[PDB]
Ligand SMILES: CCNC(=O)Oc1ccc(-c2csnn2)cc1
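Below you'll find only one chain, the form deposited without the ligand, shown as structure tokens.
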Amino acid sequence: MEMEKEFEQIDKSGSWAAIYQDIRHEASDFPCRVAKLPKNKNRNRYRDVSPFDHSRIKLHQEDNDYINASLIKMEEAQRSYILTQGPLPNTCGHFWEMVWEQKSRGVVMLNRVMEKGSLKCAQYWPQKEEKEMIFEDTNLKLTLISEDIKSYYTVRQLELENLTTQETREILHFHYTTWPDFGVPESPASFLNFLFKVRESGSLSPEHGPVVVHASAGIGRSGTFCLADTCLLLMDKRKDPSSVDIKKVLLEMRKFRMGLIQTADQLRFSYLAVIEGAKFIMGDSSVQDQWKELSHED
């Protein structure tokens, strides 16, 4: 129905909540049997957010192979993502074991450790370079190499070492610090400036494993990031950009993990982000520099 024409119609009618509730009704429902198992109670942050059995990530160990994580595999767009929860004090070792085993090169964090006076994610990475972290359970070592702090986001350079095999790898950490829980980013230009920084780094490249994207539960703010990125990839290789349906792409994504995108305003933002980002795909190179100035990263 073409996205820009569809946007103006819904904004004039004021039916954003109705369009969103229709997506919840049509969404897939698959079993989460392993996640509900009694022994895995302390491996889940929220009892209402669980991964499906068919798309869950398995750890390479005989004891317990569980972690609250899912593989989103987008066939036509040719890109994969791993969406997980913000780790608990006891699952920090499992988190980094997954990164090693799945051969990921980048971690996208869209939340903060403490939001609204409550702990939403453990401090899984070191803040000071002289204070490295050692995860005794999985035999892994983590050290901070450098950091580049901007006004609303931070890019970190980390070194992950497998102590059993003596191998070393560089992991890039992209932390968005000003995205509130159940909220939206400040502007479409600030979101896109961040997305393209992750794209130019080489983390989303097929020579590496799937990028790890998380928040507190890893469904709300993660859904908005992944929907915008996939929609932009689809209009680049289809050669008929007007045929990309946002609502249909979100329904394909929810076949792999429950509740992607939590509010009606998060859905409205995804439209604004894709429409603005379509200008770069159309051949206008100058809009990338206009996003950097409108974001005010100083």
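The first residue of the shown sequence is 1; numbering continues from there.
Quick note: we don't show the form solved in complex with the ligand, though the next part is all about it.
Chemist: Wondering, does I57 line up within 4.5 Å of the ligand in the deposited bound form on heavy atoms?
Modeler: No, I57 sits far enough from the ligand in the deposited bound form that none of its heavy atoms falls within 4.5 Å.
Chemist: Find out whether any non-hydrogen atom of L232 is located within 4.5 angstroms of the ligand in the deposited bound form, and reply yes or no.
Modeler: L232: contacts the ligand in the deposited bound form.
Chemist: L192 versus the ligand, in the deposited bound form: is there a non-hydrogen atom within 4.5 Å?
Modeler: Looking in the deposited bound form, residue contacts with the ligand include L192, since a heavy atom lies within 4.5 Å.
Chemist: Taking heavy atoms and a 4.5 Å limit, what residues of 143-161 are near the ligand in the deposited bound form?
Modeler: The stretch does not touch the partner at all.
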